[PDB]
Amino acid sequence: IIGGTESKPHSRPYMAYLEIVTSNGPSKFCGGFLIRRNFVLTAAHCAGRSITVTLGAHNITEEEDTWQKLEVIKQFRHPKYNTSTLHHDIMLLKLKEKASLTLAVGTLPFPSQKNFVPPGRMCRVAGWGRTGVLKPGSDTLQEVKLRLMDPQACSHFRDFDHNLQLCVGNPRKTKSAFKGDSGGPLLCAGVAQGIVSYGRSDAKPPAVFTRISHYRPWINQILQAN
């Protein structure tokens, strides 16, 4: 998160910290959010050989009783995810066991409505990602308020698609999701509407988020069958 604030500790109890393991490199990290006691939603590009989820975290360097470190049994990457275009950048993680409900850990279920979100309004995104181009991931959960932009603002991303994705962040501000914030939720009036997907290496906003509304049928299908 660039140009944001430190979250009030445990104020976003659905937030998930993902450690992603691959065979031929060190750990990578993503965000995500708990939508059921045993399901986390994140980005498809956060897939790996194995993943561990930590719920209940604020400062991810300091172990505390709120932590729940949870095993992932299965990854459900969107079947049409494309590594070239980055279309359909969404994935569900099934946890081995159901998480405990505490003050610090809870679900963020979707409302019944899945209305298309138009440009204009302010939304908020959170994560443990880099706080600048040359800075490292944040030890503490950070968050920032960003503007939903008209789709033409993301035209320079040649594979951007308004039906599939949100265009997020006023180009006149530094404020942005960035590297390390992958998979984290964009909340608009308390409702998850986007997932951090990709942007520019130089951090100039806007960035591209998965439009959750488009994938509500697919999400429902996985949750009902597993």
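Residues carry their position along the shown sequence, with the first being 1.
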item	value
Mean Cα B-factor comparison, 67-75 or 110-118, giving the higher one as deposited	110-118
Comparing 11-19 with 212-220, the one whose average Cα B-factor in the PDB entry is higher	212-220
Most elevated Cα B-factor in the entry, residues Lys175, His58, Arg37, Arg200	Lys175
Top Cα B factor in the deposited entry, candidates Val133, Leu103, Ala153, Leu93	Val133
Chain-relative CA temperature factor third for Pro205	middle
Third assignment of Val191 from its chain's C-alpha B-factors	highest
Chain-wide C-alpha B factor ranking for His45, given as lowest, middle or highest third	lowest
Where the record places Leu164 (Cα B-factor, split into thirds across the chain)	highest
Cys123 - which third its CA temperature factor falls in, relative to the rest of the chain	highest
